[PDB]
S.K.: 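Got a structure for you, written out below as structure tokens; questions coming shortly.
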Number of protein chains: 4
Amino acid sequence: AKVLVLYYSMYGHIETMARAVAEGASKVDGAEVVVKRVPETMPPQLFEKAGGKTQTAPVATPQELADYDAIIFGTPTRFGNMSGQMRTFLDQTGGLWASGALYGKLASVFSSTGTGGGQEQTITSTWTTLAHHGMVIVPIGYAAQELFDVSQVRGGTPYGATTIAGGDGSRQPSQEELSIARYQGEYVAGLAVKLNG
Amino acid sequence: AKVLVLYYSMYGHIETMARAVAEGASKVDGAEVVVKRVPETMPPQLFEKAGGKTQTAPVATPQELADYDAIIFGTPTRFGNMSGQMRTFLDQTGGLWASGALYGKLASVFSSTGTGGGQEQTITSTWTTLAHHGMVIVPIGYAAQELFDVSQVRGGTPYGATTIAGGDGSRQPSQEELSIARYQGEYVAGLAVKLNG
Amino acid sequence: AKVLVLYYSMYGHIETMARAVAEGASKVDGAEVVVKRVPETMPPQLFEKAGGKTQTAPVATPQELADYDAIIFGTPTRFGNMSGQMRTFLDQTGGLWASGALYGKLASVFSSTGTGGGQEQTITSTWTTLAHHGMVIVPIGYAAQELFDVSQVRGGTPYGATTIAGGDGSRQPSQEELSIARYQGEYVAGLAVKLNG
Amino acid sequence: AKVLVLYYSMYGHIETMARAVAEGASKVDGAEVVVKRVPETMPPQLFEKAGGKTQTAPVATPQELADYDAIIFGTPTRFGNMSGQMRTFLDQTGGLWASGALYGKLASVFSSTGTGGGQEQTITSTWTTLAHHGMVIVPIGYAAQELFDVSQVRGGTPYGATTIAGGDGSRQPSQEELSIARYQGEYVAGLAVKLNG
Ligand SMILES: Cc1cc2nc3c(=O)[nH]c(=O)nc-3n(C[C@H](O)[C@H](O)[C@H](O)COP(=O)(O)O)c2cc1C
Ligand SMILES: Cc1cc2nc3c(=O)[nH]c(=O)nc-3n(C[C@H](O)[C@H](O)[C@H](O)COP(=O)(O)O)c2cc1C
Ligand SMILES: Cc1cc2nc3c(=O)[nH]c(=O)nc-3n(C[C@H](O)[C@H](O)[C@H](O)COP(=O)(O)O)c2cc1C
Ligand SMILES: Cc1cc2nc3c(=O)[nH]c(=O)nc-3n(C[C@H](O)[C@H](O)[C@H](O)COP(=O)(O)O)c2cc1C
């Protein structure tokens, strides 16, 4: 089964999560795992001035999403929705929609926020779009034990992995957050192989 | 694979839809299909005096949900949520949650409304609960061609089948609506057999 | 203006929050503030055996909601929805709906969860029902400074105040959580007086 | 009071609805109504070649939103979310967010879809973003009697006005749909004047 980890990141938090998701998915033998980012929509000069992070991941095309058995989408929140960059990219999948190209493929979502608020809404609003394409939606539930720990500030929900970046973006994804992300990658890839071989 | 069509219906619109879902599911070789309703929560006298419909489907226990590979949940809307009956029943699945009993099982949802409003929100808000149980959520997308037909008033969404009961409850599920319902059962039962034999 | 704080609580977390909300609302001169609970739906013997908390607040009727200019709803989560008790109560407001009795009245929501997951979904899914009644929906945004603090585990979202009860229910609402709850009460009551005098 | 009808439209269906919203709002004595569109994000050549409609409304800046007492947002759906154009624009309101510039301002939403699916989710997912800004969210409920009419295919929800463009975009907003749109503008403008003079 082929598993695409497709993400948008400005300051690297989602990028770090995406690598963890891919690390989990890769544990599944017979899962072929690929990490790509959506295009930046900001002018390059404004991106740089804002202190955005340069990223090694190849830039995806909308069309190539059809090549995968499972797609795990990562996006930071923008006021409780996916980012404009991820939205713009998904708005370019009308050809895929019309051909039923993503129908029955697995979909799962992970997110990042500054201070936690909107992390659930970002994931479930993204599920809406996945459903229009007839993708099978994969939440993570409470298999990841870290979800029971309320001793430290941490992202992660039953809807999908998340990270808390801090108001000023200075936090890095924690061990527990990354664990949950790895689990989500393992679980989705396992399902993809179960379904598609 | 074993498929439970689990529903609440007061006036029979969801009951009718549930039978169509079960019909569709039973078309799949290897699928064992069972239809049950959740308990009424209204006092029986008030149920009858409001004109509630007597139903032949047996009443489910929370515990028996563990026995199935796929559960297709049907509920009328109550102001854009699942009904109190369905909510009260799902509130009794804490034991199943604690044991991971529904984890990884397929889930899908169908709804009914008087005049359309809330039919999407009923489905997607039900998905939230399914996700807490770690169920794999199955939307129907646009595979059912009736979804393209805007020439007549018609339930059905990419999130799941729906029916429009009319303001006074006098409408009966239409052929197009029942077709989408059958498609949903068949599709989900197919996935269930693919995953579980 | 008359402000109803209407809540459901099994173990007292929402009850504690509700009192804080009422404490905030009462700071607004010319706001008349009342706290009531929805009926328990569990058999009394099962409630007691589960270690449920007895509560002094009077039990509301559905009809009396019409008497208020603003209603602030509190409910614990059940898998990312409002509780069956709150759902059952709201399912009894069909008379109010048909008469437009809650139309244009202010609505706001607060929630409680064991470990955080579902706290956003509980609030926004509740908003759906409020919208069917034509209630004006009042989120709190980020006026409450505590929402910026990620140094300690704490509830509170831009959608409404929340508390984290812990997996075993042993946590009590924190100073920061209660502050946010008080703010929500103050803010809603201020709006109610602005609108209705 | 000042009312901004802020919209995105590619083929004019939301543009038509926006004009009706503005018509309704202008009926309120004391309401100053302004209609503006968000910037196109598609390359101009691709916009034209796809048959995009030239529009007379001026393009808004993020900054000018601060000048209004009520903002009524219109967007077509993109797979059950707001359009990338509207998302990209709202993503540029971080400055306004940081200063509390939209806090306590009225907000309301209207949508358009090809065949109905996603019209509710578009509205409610837009509400999420409004809530992060602390805006007071205004659904329309069932005040508009057309919402009771299931005899013809018709947009409109208790969450806000909608229109059905048809699979091929050839439908024009109907009289019933435009009536609901006008009602929404009038209602929101009335609240704006009540609160702000
Ligand atoms: C336009 C905008 C909107 C934002 N909205 C929220 C929000 O609603 N809640 C939150 O906690 N953080 C919010 N943030 C913070 C971002 O989610 C955060 O910077 C992002 O998760 C960092 O991930 P990245 O490093 O992968 O880009 C917002 C930031 C921007 C620029
Ligand atoms: C409490 C209550 C709330 C309702 N809310 C809505 C609603 O938001 N939208 C709608 O179209 N119909 C609404 N209705 C209509 C029911 O959804 C409708 O009667 C039901 O779908 C019929 O299905 P059934 O025959 O399976 O019971 C409501 C009915 C009741 C009793
Ligand atoms: C049926 C059931 C479902 C629950 N679902 C969740 C959940 O999804 N997320 C969560 O963090 N806690 C969940 N809990 C915990 C409750 O939300 C928690 O006990 C409640 O917030 C306590 O508030 P109270 O003291 O006011 O009753 C659930 C508890 C029960 C009994
Ligand atoms: C990328 C894309 C996604 C779309 N998704 C949906 C959809 O989920 N449901 C639907 O009914 N129409 C969908 N459509 C149709 C648009 O919502 C429709 O063309 C729009 O409402 C027309 O409004 P406008 O004339 O103001 O641009 C989609 C169109 C595009 C281009």
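When a ligand or atom number is given, it counts from 1 through the structure's own listing order. Numbered from 1 within each chain, the chains take letters A, B, ... in sequence-line order. Atom set for the values below is all heavy atoms of this structure, side chains included, hydrogens, waters and symmetry mates excluded.
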S.K.: Residues two or more places apart in sequence or in another chain: which of them pass side-chain hydrogen bond (donor to acceptor under 3.5 Å, both in side chains) with A:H133?
M.R.: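 Expected list: A:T93.
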S.K.: Using 30° and 60° as the class boundaries, would you call the ring planes of A:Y142 and B:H132 parallel, tilted or perpendicular?
M.R.: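 Correct class here is tilted.
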S.K.: For a 4.5 angstrom cut-off between non-hydrogen side-chain atoms, does B:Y159 reach A:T128?
M.R.: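 Yes, close enough: below the 4.5 Å cut-off.
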S.K.: Which residues satisfy the side-chain hydrogen bond (donor to acceptor under 3.5 Å, both in side chains) test with B:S125, sequence neighbours excluded?
M.R.: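 By the side-chain hydrogen bond (donor to acceptor under 3.5 Å, both in side chains) rule, B:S125 matches no residue at all.
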S.K.: Given side chains that start at C-beta, do those of D:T75 and D:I14 come closer than 4.5 Å, heavy atoms only?
M.R.: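 Answer no - side chains too far apart.
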S.K.: Mind jotting down which residue pairs meet the salt bridge (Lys or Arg N to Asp or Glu O under 4.0 Å) criterion with at least one end in residues 85-94 of chain A? Sequence neighbours excluded, please.
M.R.: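 Matches after skipping sequence neighbours: A:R87-A:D91.
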S.K.: List the protein residues in contact with ligand 3, where contact means a heavy-atom separation under 4.0 angstrom.
M.R.: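 Contacting ligand 3 under 4.0 Å are A:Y142, B:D91, B:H132, C:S9, C:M10, C:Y11, C:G12, C:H13, C:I14, C:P76, C:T77, C:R78, C:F79, C:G80, C:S112, C:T113, C:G114, C:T115, C:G116, C:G117.
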